[PDB]
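Worksheet: the structure to be examined is printed underneath.
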Amino acid sequence: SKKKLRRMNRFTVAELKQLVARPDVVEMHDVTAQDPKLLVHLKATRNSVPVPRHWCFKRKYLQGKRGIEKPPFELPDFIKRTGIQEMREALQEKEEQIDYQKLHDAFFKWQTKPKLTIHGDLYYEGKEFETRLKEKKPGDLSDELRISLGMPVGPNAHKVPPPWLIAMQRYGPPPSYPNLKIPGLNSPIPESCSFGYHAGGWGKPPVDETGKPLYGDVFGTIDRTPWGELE
Amino acid sequence: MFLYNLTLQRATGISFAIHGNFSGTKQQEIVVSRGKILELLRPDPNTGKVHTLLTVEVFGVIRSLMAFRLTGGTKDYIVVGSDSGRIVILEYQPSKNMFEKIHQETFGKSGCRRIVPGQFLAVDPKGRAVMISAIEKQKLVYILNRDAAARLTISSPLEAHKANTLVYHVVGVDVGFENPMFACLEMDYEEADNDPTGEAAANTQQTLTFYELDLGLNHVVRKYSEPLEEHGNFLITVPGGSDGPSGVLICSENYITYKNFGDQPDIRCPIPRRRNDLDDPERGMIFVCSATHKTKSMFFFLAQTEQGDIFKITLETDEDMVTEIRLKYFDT
Amino acid sequence: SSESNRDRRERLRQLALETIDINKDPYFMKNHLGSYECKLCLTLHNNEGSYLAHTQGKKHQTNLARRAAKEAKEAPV
Amino acid sequence: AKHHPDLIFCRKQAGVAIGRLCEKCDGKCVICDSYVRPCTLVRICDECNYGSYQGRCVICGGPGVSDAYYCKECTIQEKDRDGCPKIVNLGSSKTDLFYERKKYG
Amino acid sequence: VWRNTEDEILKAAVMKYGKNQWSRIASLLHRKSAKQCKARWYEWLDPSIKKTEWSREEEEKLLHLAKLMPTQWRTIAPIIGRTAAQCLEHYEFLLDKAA
Amino acid sequence: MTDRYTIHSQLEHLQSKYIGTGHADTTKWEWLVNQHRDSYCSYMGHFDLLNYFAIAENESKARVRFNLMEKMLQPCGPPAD
Amino acid sequence: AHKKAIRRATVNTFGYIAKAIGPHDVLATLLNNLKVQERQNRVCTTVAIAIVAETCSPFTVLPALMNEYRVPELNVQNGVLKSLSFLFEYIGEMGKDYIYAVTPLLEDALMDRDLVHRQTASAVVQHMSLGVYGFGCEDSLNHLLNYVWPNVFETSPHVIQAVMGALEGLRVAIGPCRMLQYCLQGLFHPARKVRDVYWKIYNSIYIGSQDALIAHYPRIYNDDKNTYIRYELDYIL
Amino acid sequence: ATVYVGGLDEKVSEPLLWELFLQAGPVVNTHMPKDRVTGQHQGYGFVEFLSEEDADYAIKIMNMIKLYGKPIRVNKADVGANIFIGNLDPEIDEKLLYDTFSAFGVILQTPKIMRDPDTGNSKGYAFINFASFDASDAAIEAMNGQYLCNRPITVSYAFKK
RNA sequence: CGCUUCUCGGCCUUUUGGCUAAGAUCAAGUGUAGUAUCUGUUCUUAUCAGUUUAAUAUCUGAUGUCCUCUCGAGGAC
Ligand SMILES: [Zn+2]
Ligand SMILES: [Zn+2]
Ligand SMILES: [Zn+2]
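Residue numbers (the entry's author numbering), protein chains in the order written: chain 2, 450 to 546, 566 to 689, 703 to 712; chain 3, 1 to 332; chain v, 19 to 94, 104; chain 7, 2 to 106; chain L, 10 to 108; chain 5, 1 to 81; chain 1, 1068 to 1304; chain 4, 13 to 89, 97 to 180.
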């Protein structure tokens, strides 16, 4: 009867979102806690880390991941500079039918840190293939995107015209993104760029009949030293 | 960025102070514990100036500290109860000018924990046993005996655990070469935990309870417990055995109470108040620190009250039973 | 001990690498850890003996038969 | 130890009597069950050093031959403050191996 | 006894190696002997072992023979095309359903 | 069943050995009160937080210590049932 | 040899001859151990590789090991993981140099399907964090803790106990403020399998460092009939 | 507000498509429906944007984007109807050409401006192959004799090559 | 232009030197604890109520009133 008494007084997910100051934080299962109020308040504190997603999944963790084939682990490039890949291949192949200064320099002289996630980055099944999104930034580009466009990749990409910069200057930039500035369209042509119609031109500056730009500015019209640094 | 940290002038506030003949000779010196610095002063007798004989750093919070001295020994050691897990016994070598660590015994994890001892430290006057107590649930006792070469030796810990019991102050009781007794104010919150109404928070008064070592059987038994009228905050040992009666003075809010076990009845006084003060009348008054002076002839205590008035307390006794307590103003 | 044991395990492994090729077995894969996987059933198999015994199963056979009928229906001066 | 979870320790108040290990078991930490970097000494409960047991291998139960130490880890995480680590259950392993012995030869 | 895994390894090993080197074969699986491999193959595994129930005519022949040549099963079993084990137990079964 | 009651014995004993641990049915009240009581013992410990309060209010360290130890009895109101 | 003193001495001699000659020859032969009879051991060979790498500084061997991690055979991948574990336990303070190198390996183990790789990878992190105590390499320990954490729901005693060990190592190396932030949201979850796991972790913390935890608890709002906020902590001066 | 993406080059990732649509608008649903057998692109995809004007803007701005070099057809989700044009301006390109000329119908082929080989300027002509005779007819009906950018436009059905 | 035969170029198949006594020959450590994977085998019941669970589940139990036909059915309610 006591279990039923708590059930009878148990809150709906709508009520729990209502009284609670933050409602998103509130999951469908939080309504099943002993104290809905303390649990939502504890999930609504800064810097906390949410419980891993697979607690309820009937199947196992990485057992569910299973079936596809995976390429063997790829060595850190600075270990790869030693070539111990080649030495191991040669000895292994002879059987199948290295100097020391390079190794010490590889560990100390030229070893550098990797890219590491900050506190709150939980691992989950698919995070290695999760598509990085949200990047609403027009300025960021790729090399696969540039090449598969036929647009230059690397340091010349800025003078390599994105084929929709001419449509930015023609209909305005993408209308969902007024905040989009396009170099050579709403900011000046990048350094050493040239507006033009030849292969590699920046079009013509978006212009009104008095001589002001209709989009951005097509021509481009403290003491940050750290405190205690080594020498 | 990589940083290196030095000091420029060491801490200079004082949180405990004990006085002994720490260097072996009739001249008597002070040890003061700053926060995490421990340093020994000595006041020169004629001119009265005070000299900092030595100041060492201990990298650890010192929570309590006591002086103590074996029977007929002419030095005085230093028991120090830190926030570490260990009790340690130090001794000041006047020659080389440094504290030597005579002993260090471990009994728990480190840091100002709740149930791991170290806060309260008490010793029994004739030098036989030291007890170290937490704020809850744990008390230990060590016995200290001189060896063949009369160097110091420390026993294995005894044990007095008792669940759900805060401890406001612990102090050794003076008895002549009998079982040592320690007399620790207490309080027992266990039932107040389960009073959904809120009663047992009130009507739960604190109980003074004489523990007692038992040299014969080598353990520690709670001998006498007894409720106190109202909450008191610390105890003053009363030099017992030959000089003076035995027993303890309690210095509770607004009163001071001699109270000893046996048949001795309880004796009270209210604390004399400032003629026409300006204080908010509701605020009580308590005793903050205290200091016994004991001479071959007599003894008297000084005790100091919240506003800063000293009082010279003396005990008028009938040969074994104390009859009246007599306070008079001293200074401020 | 190890030389004959290593030869024994190697010979077994080469043995149904040859047999898998002779039965033109599609749903066969060796993973990067050297264990045997059925791509049709998403099942891991330790030994080559375990893998061949898995191919004769209500699990393998029913998956093979279901994969079968679905494929046939699924094609088009 | 970390290897047979069916084993128990004395877990009373430590004392002043040092702990010793058999020649058989010697060279290891008692808890982290490694074999390296001995830092600090073991101390054992008064009972667990009473009686004939003066000088016994804490683990193997046999003759004391050397001192028993604590690995750097266990002393860094302060697992060395739990009193007597004296194991007050003999464990199935010694029993069963002796029994199979008496059977065989 | 034999487990299906050892069984499959046997099938493959035989079809590769031919019926004549049982030493190599038995070397393959652990806790299996060359004599046992040979026996099992000829007894159960080999495809020529016909695995069905007895016809009425087959049981007529069996009964008649085991009456003709008492207890000689390795002599009979070729004549009706089953193993000594099949002939033996199955004759036991007929005898028990009769009595 | 067996899991629940052996882990229940282990949690009740580990708790009666260490005041303040928890177990899968610890309620908001006991959590919060053990957490106060530890804060209190630690203010009286660290010689300094005492100075901080004894200057923030205008009381003297003996009176401050006394009020802390008064409160350690029932710091977060009376229990909940 | 079914005795242990024998195997012990064996390993120590392998160290000695490594010193006699040079790491590479002995390391190559030691690595050629796939030695099926797994425990009773190739494990002792793992210890031997550790002593090798230790006695002649691990500049030399760590590339060889990280290389072997590619050979697709199971027991040898796990061999390299163990050998790493012992390596860090043995050399201790010097890991402050190789932790940056090693991590992306351990990442790779902690994110894969089977329990043996996760249990052995978790041992490594334990020892590594205990060795790097106090040297400022915390960002990478924090990242390794993020991969370790999700196994916390698991069943096989060897992996659950390896994981718990790893977590208390990381406690001393990251601080308890971190472990507490990881441990909060599930102290009061509606489940009970999780609440079991989380209160087990949170005890294992609170027993150690129950003093440090004072300045770390979150601020919890008081309701009508109680008072849950500590005000003495924001007496402002 | 869903977009038909046809002619998408087999190697183009739906990730890359949503990547280009990231600068383009509220990328809400990128889905490259594919043959579940061969795995590679099915030459069709649906990309629904949250805003209709942003969807149409991506259709009108992403026109003929050379996917792996090949212009992919992004819009809402050769019958001999080609117009040729005389008097074409030399500063006009196929971009603005198709951008304006799309009015009478969808363009089936890339508008070829008649340009000479040496310097590369237009010879004064253009053409584009629409979808239907009605589309070429409405184009040549609104665009014949009228003023193109700086040269009066001339539109008539293209002479078959 | 039709037929037929031959020459060549482009090439989509197998391809160890034999005899001898099948030349001869033919290895598995043990124990204690725990996990994983295969092979195997099985749930269509309708409510309600209960137990239990985070939620199912499970498991527990029983199949509006009267007459009659053969759980169904008709009617007066
Ligand atoms: Zn250890
Ligand atoms: Zn003991
Ligand atoms: Zn032993």
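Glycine included, every Cβ here is placed at the ideal spot set by N, Cα and C.
Beta carbon proximity, residue i to chain 2, threshold 8 Å
| i | result |
| --- | --- |
| residue 1131 (chain 1) | yes |
| residue 155 (chain 4) | no |
Helix, strand or coil at residue i [DSSP, three-state]
| i | result |
| --- | --- |
| residue 1097 (chain 1) | helix |
| residue 37 (chain 3) | strand |
| residue 45 (chain L) | helix |
| residue 1244 (chain 1) | helix |
| residue 1221 (chain 1) | coil |
| residue 23 (chain 4) | coil |
| residue 152 (chain 4) | helix |
| residue 1257 (chain 1) | coil |
| residue 57 (chain 3) | strand |
| residue 21 (chain v) | helix |
| residue 237 (chain 3) | strand |
| residue 326 (chain 3) | strand |
| residue 1236 (chain 1) | helix |
| residue 44 (chain 4) | coil |
| residue 502 (chain 2) | helix |
| residue 292 (chain 3) | strand |
| residue 264 (chain 3) | coil |
Residue i and residue j closer than 8 Å at C-beta
| i | j | result |
| --- | --- | --- |
| residue 83 (chain 3) | residue 45 (chain 5) | yes |
| residue 77 (chain 4) | residue 642 (chain 2) | no |
| residue 138 (chain 3) | residue 157 (chain 3) | no |
| residue 1152 (chain 1) | residue 1116 (chain 1) | no |
| residue 140 (chain 3) | residue 168 (chain 3) | no |
| residue 325 (chain 3) | residue 251 (chain 3) | no |
| residue 21 (chain 3) | residue 75 (chain 3) | yes |
| residue 279 (chain 3) | residue 310 (chain 3) | no |
| residue 484 (chain 2) | residue 1255 (chain 1) | yes |
| residue 244 (chain 3) | residue 327 (chain 3) | no |
Residue i at chain 1 interface by Cβ criterion, 8 Å
| i | result |
| --- | --- |
| residue 608 (chain 2) | no |
| residue 109 (chain 3) | yes |
| residue 74 (chain 5) | no |
| residue 479 (chain 2) | yes |
| residue 19 (chain v) | yes |
Any C-beta of chain 7 under 8 Å from that of residue i
| i | result |
| --- | --- |
| residue 1200 (chain 1) | yes |
Short CB-CB distance (under 8 Å) between residue i and chain v
| i | result |
| --- | --- |
| residue 519 (chain 2) | yes |
is_contact[residue i, chain 3] using C-beta, thresh 8 Å
| i | result |
| --- | --- |
| residue 16 (chain 7) | yes |
CB contact check: residue i to chain 5, cutoff 8 Å
| i | result |
| --- | --- |
| residue 465 (chain 2) | no |
| residue 1299 (chain 1) | yes |
What residues in the region 48-65 of chain v have a beta carbon less than 8 Å from any beta carbon of chain 2?
49, 50, 55, 57, 60, 62
Which residues are close to ligand 2, meaning CB closer than 6 Å to any heavy atom, in chain order?
11 (chain 7), 13 (chain 7), 45 (chain 7), 46 (chain 7), 48 (chain 7), 49 (chain 7), 85 (chain 7), 87 (chain 7)
With a cut-off of 5 Å, give the chain-ordered residues whose Cβ is closer than this to any heavy atom of ligand 1.
30 (chain 7), 32 (chain 7), 33 (chain 7), 72 (chain 7), 75 (chain 7)
Using Cβ-Cβ distances below 9 Å, what residues of the region 47-79 of chain 5 are close to chain 3?
47, 48, 50, 51, 59, 60, 61, 62, 63, 65, 66, 69, 70, 72, 73, 74, 77, 78, 79
Any residue with its C-beta under 6 Å from a non-hydrogen atom of ligand 3 counts. Can you list them all in chain order?
22 (chain 7), 23 (chain 7), 25 (chain 7), 26 (chain 7), 58 (chain 7), 60 (chain 7), 61 (chain 7), 63 (chain 7)
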